[PDB]
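So the sequences go chain by chain: A, B and C. When we follow the entry's author numbering, the leftmost residue of the first sequence carries the number 1044, and every step to the right adds one. When we follow the entry's author numbering, the leftmost residue of the second sequence carries the number 846, and every step to the right adds one. Under the entry's author numbering, residues 4 to 161, 166 to 238 are what the third sequence spells out, in order. Beta carbons: idealized from backbone N, C-alpha and C, even for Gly. Only one structure is covered here, and it is reproduced in the block below.
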Amino acid sequence: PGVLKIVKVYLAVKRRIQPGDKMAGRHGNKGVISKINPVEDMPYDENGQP
Amino acid sequence: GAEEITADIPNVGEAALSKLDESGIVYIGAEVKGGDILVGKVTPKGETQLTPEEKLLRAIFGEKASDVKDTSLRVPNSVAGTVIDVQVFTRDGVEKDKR
Amino acid sequence: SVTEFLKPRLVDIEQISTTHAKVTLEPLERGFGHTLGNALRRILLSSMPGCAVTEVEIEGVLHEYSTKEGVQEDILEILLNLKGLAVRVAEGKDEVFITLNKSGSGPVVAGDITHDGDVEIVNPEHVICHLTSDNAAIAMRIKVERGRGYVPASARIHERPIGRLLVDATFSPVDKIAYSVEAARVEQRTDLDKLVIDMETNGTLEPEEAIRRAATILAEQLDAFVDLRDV
């Protein structure tokens, strides 16, 4: 009662991972992302795969 | 009076009216950011007491357009996305706008 | 002697495949193999120029969260597929437009893109989408730009007509870098070494050219140290 018109708008937002987000496995091991490290700074094996 | 959905928004330029259509509703697929106007709405307002040092300013520069107040739907701050769907519901007996 | 070193030279390129190669540097002194290998790996993995898809325009499409009749993949999926396009653009051009028109049932692949002779597709077999009806048709206009690093669509500086869809761009052509330091048989000395760099890329950048660009970057950055003064 009293309402003449309604307009509804749906907004789609892409959210990328960033520090502060919460990540977890299936064994109760939860955590918060602290840094997004560059690829050249992360540990790598003998085949060069980081 | 009756609040109207329209594209005639006082104190807002054509920069913020790019994404709305004739009826005052954003287009489908419009990439919007925080503060952007989605649907334009104007509400009738009553008489407002103007302070004397604003009556003077009205006297100097004669612009005065305060018949209606801008109460429009705006994107929340720190929210950026694409308009993917718009639905309009109209009461039985109210004129259907173009959109 | 002691004060003078032996400068390494490029001795071999071995092309295992279009996207895999090995580059051999010889000869190297003691310890210099690891130093050069690590420096080259860090430069190659971070600061390597390339070309990437940045904007797409598909007829009849307003936004990415939509569907087109006769196409089994959503526009999001099509853009994600286009992100894996390997394009080499002739020097002097930092911008190019290509077109993709296809009708009829079948997998729409990268070999169906019409280029202007200055653009080479490195993976024609890369599947872009699928047309599931004989009456289905697809018509896209793709923008390819030269750049460096990872430039997300949100980070691009801000008119844009509705229908132009931005694509996140990963310009770096280098995917994986490994390096091994082995013994070198040079003349009579046994202290010399050999560096083998295994590079897995998207095929757009030649191995030798990549090595010389990395060396140029390293030399330019060292130029500041060679002339140490208060600035």
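Residues of the same chain with a CB within less than 7 Å of the CB of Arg919/B, apart from the 5 flanking positions on each side, are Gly880, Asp881, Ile882 and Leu883 in chain order. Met143/C and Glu72/C have their C-alpha atoms roughly 15 Å apart.
Taking 7 Å as the cut-off, the beta carbon of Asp15/C is found closer than this to the beta carbon of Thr27/C.
Proximity of the segment 99–107 of chain C to the segment 135–153 of chain C meets the contact definition, three or more beta-carbon pairs being nearer than 8 Å.
Residue-level contact by beta carbon fails for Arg167/C and chain A, as no gap is shorter than 7 Å. In this structure, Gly874/B keeps its C-beta atom at 7 Å or more from the C-beta atom of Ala852/B.
Not a single CB atom of chain A sits nearer than 7 Å to the CB of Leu65/C. Beta-bridge annotation (DSSP): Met206/C is paired with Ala24/C and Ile184/C. For the options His23/C, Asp198/C and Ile101/C, the alpha carbon positioned closest to that of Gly36/C is the one of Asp198/C. Between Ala185/C and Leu173/C, the gap from beta carbon to beta carbon reaches 7 Å or more. The CB of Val1082/A comes closer than 8 Å to the CB of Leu48 and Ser49 in chain C, given here in chain order.
Non-local C-beta neighbours of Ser923/B in its own chain, meaning closer than 7 Å and more than five positions away in sequence, comprise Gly879, ordered along the chain.
Within chain C, not a single residue places a beta-carbon under 7 Å from that of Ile882/B; the smallest gap is close to 16 Å. The beta carbon of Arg171/C sits no closer than 7 Å to any beta carbon of chain A.
By the beta-carbon neighbour count (other beta carbons within 10 angstroms, threshold 16), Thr57/C is buried.
The alpha-carbon of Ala904/B is positioned some 27 Å away from that of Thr916/B. Under DSSP, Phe934/B shares a beta bridge with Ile1049/A.
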